[PDB]
Every structure is written in structure tokens, then in C-alpha cells.
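Asks: First the structure, which I've put down as C-alpha cells, then a few questions once you've had a look.
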Amino acid sequence: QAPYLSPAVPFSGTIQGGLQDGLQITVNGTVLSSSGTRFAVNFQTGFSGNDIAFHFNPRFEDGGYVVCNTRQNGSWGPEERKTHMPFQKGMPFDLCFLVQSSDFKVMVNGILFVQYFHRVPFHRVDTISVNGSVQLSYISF
Ligand SMILES: CC(=O)N[C@@H]1[C@@H](O)[C@H](O[C@@H]2O[C@H](CO)[C@H](O)[C@H](O[C@@H]3O[C@H](CO)[C@@H](O[C@@H]4O[C@H](CO)[C@H](O)[C@H](O)[C@H]4O)[C@H](O)[C@H]3NC(C)=O)[C@H]2O)[C@@H](CO)O[C@H]1O
């Protein structure tokens, strides 16, 4: 599938034929230096945002942490927080999401940062959305 180039934020877009084992999604952009304190990459089913299989949510708050979570039928589940901020405000980033059968792995700037085990079946998620304090250069597959 062709990449989305300079998509405006907030973004959503379709992942052609859905998430698959071994699919790698790159999100390349810049964290804004002073336009808020959080951003999110969401892997979801459709365009509603009520069923987000994997919400990856860096927060430049309390010194900085990343929330990983799942929204199901409009309900957020138990957060998995990573008390490690691998981003810097104002700086470019390259995020890579590797879909595996049991989990997502998230590489930040080349290096595995977090592992999130599937809470809902992944082959059904077909949409990426991005919101918050970021500018995007591209999303590639
Ligand atoms: C200590 C503790 O338990 N803390 C809890 C808080 O962390 C918690 O905050 C919520 O946490 C969830 C993850 O658990 C999300 O980060 C929530 O933020 C919301 O995220 C959604 C999805 O990204 C976002 O909606 C999207 O917005 C875009 C455009 O911007 C568009 O409208 C899409 O349609 C939509 O999906 C939403 O805006 C965002 N809201 C905020 C305020 O960030 C986060 O609130 C709270 C509440 O559960 O509970 C604490 O106790």
C-alpha cells in the first residue's frame, strides 16, 4: 500500500486489508515543541474511535511517560504505563509498529521500546489514526 504523505493531524486512514502478522507500520514526524503535552497513534477498527485495539500515547507530563491501552465498545481498559519517555519535544521521530501474532512491538528511532500483547483480535483492525501534539511527514507500510 502507498504511504500517506504529510497527512494533517488529527488523521485517520485505512490499512489496506487490515493488520497482518509481520506487517510493519512506520509513523515519521516531529513532536511539536510547544503545542500541548500528548500525542497518540491508534490502531482501530473503522473510523469511530470506540474500538481502539492499540492506543500508544506519549505524555510529556510528570516528567514524561507513555500510556498503552485498548478501548473496547467505548470503554478504556487497564493502562500499561511505560515510565520512560523516548521522545523529545521539538525533535523528529521515527516510530515503527511491528504486528506479531501475540503482540505489537514498538521501535522508536530504530530500537524496540515497548511490547503490547493483543487484547482483541488484530486481523480485524484496519485503520490508523493520529492526534495531538505532532506534525506528520509520512505513514508507510
Ligand atoms: C491514573 C489513571 O488511571 N489515569 C487515567 C487517565 O490516563 C485517563 O485518560 C485517558 O487515557 C486514555 C488511555 O487510557 C486516553 O489516553 C485518553 O485520551 C483520549 O484518547 C482518545 C483516542 O486517542 C482521543 O479521542 C480521539 O480524538 C481525535 C481528535 O483529537 C478524534 O476526536 C477521534 O475521534 C478520537 O478517537 C481523546 O481526544 C483523548 N482525550 C484526551 C483528554 O486526551 C485519556 O483521556 C482518564 C480518563 O479515562 O482516567 C484517568 O484517571
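In the C-alpha cells, each chain is lettered A, B, ... as it comes, each chain's residues begin at 1, and ligands are numbered from 1 in order of appearance.
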Using only C-alpha atoms, determine which residues lie at most 9 Å from residue 47 of chain A, disregarding the query and same-chain residues fewer than 5 positions distant; provide the list as JSON, numbers by chain.

Replies: {"A": [12, 13, 14, 127, 128, 129]}

Asks: Show which residues sit within 10 Å of residue 18 of chain A, as a PyMOL selection string. Count only C-alpha atoms, and ignore same-chain residues fewer than 4 positions away.

Replies: chain A and resi 14+23+43-45+122-128

Asks: Using only C-alpha atoms and all ligand atoms, what are the residues with an atom within 6 Å of ligand 1, set out as number ranges by chain?

Replies: A: 10, 40, 48-49, 57, 69, 76, 79, 131-132

Asks: Find the residues near residue 133 of chain A: any atom within 6 Å, counting only C-alpha atoms, skip ones fewer than 2 places away on the same chain, and give them as a PyMOL selection string.

Replies: chain A and resi 32+35-36+38-39

Asks: Can you tell me, as a list in words, what residues are no more than 8 Å from residue 81 of chain A when counting only C-alpha atoms, ignoring any on the same chain fewer than 3 positions away?

Replies: residues 65, 66, 67 and 68 of chain A

Asks: Based on the selection just made, write N, CA and C atoms of those residues as a PDB file, in the first residue's frame.

Replies:
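Result went into part19.pdb, see below:
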ATOM      1  N   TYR A  65       5.899  10.065  30.324  1.00  0.00           N
ATOM      2  CA  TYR A  65       5.616   8.639  30.317  1.00  0.00           C
ATOM      3  C   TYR A  65       4.784   8.297  29.099  1.00  0.00           C
ATOM      4  N   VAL A  66       4.626   7.008  28.807  1.00  0.00           N
ATOM      5  CA  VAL A  66       3.827   6.609  27.647  1.00  0.00           C
ATOM      6  C   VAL A  66       2.720   5.681  28.140  1.00  0.00           C
ATOM      7  N   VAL A  67       1.491   6.005  27.761  1.00  0.00           N
ATOM      8  CA  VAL A  67       0.352   5.122  28.068  1.00  0.00           C
ATOM      9  C   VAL A  67       0.127   4.157  26.881  1.00  0.00           C
ATOM     10  N   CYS A  68       0.009   2.859  27.162  1.00  0.00           N
ATOM     11  CA  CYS A  68      -0.532   1.934  26.154  1.00  0.00           C
ATOM     12  C   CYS A  68      -1.857   1.369  26.661  1.00  0.00           C
TER      13      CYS A  68
END

Asks: Using only C-alpha atoms, which protein or nucleic acid residues come within 9 Å of residue 3 of chain A? Drop anything in the same chain fewer than 2 positions from it, and give the result as an mmCIF file with N, CA and C atoms, in the first residue's frame.

Replies:
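Generated file (result-v5.cif):
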data_model
loop_
_atom_site.group_PDB
_atom_site.id
_atom_site.type_symbol
_atom_site.label_atom_id
_atom_site.label_comp_id
_atom_site.auth_asym_id
_atom_site.auth_seq_id
_atom_site.Cartn_x
_atom_site.Cartn_y
_atom_site.Cartn_z
ATOM 1 N N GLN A 1 0.867 -1.214 0.000
ATOM 2 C CA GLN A 1 0.000 0.000 0.000
ATOM 3 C C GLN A 1 0.889 1.243 0.000
ATOM 4 N N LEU A 5 1.292 10.733 2.771
ATOM 5 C CA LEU A 5 2.343 11.742 2.846
ATOM 6 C C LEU A 5 1.777 13.040 3.405
ATOM 7 N N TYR A 138 5.232 11.224 7.209
ATOM 8 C CA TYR A 138 4.581 10.106 6.483
ATOM 9 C C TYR A 138 4.161 8.930 7.377
ATOM 10 N N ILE A 139 3.223 8.137 6.864
ATOM 11 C CA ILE A 139 2.906 6.817 7.445
ATOM 12 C C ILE A 139 3.099 5.840 6.322
ATOM 13 N N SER A 140 3.948 4.837 6.523
ATOM 14 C CA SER A 140 4.256 3.857 5.479
ATOM 15 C C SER A 140 4.055 2.417 5.979
ATOM 16 N N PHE A 141 3.925 1.495 5.021
ATOM 17 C CA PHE A 141 3.507 0.111 5.304
ATOM 18 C C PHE A 141 4.509 -0.817 4.636
#

Asks: Please return as a list in words: the residues of segment 60-93 of chain A that backbone DSSP assigns to strand (DSSP E).

Replies: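 Result set for segment 60-93 of chain A (strand (DSSP E)): residues 65, 66, 67, 68, 69, 70, 71, 72, 75, 76, 80, 81, 82, 92 and 93 of chain A.
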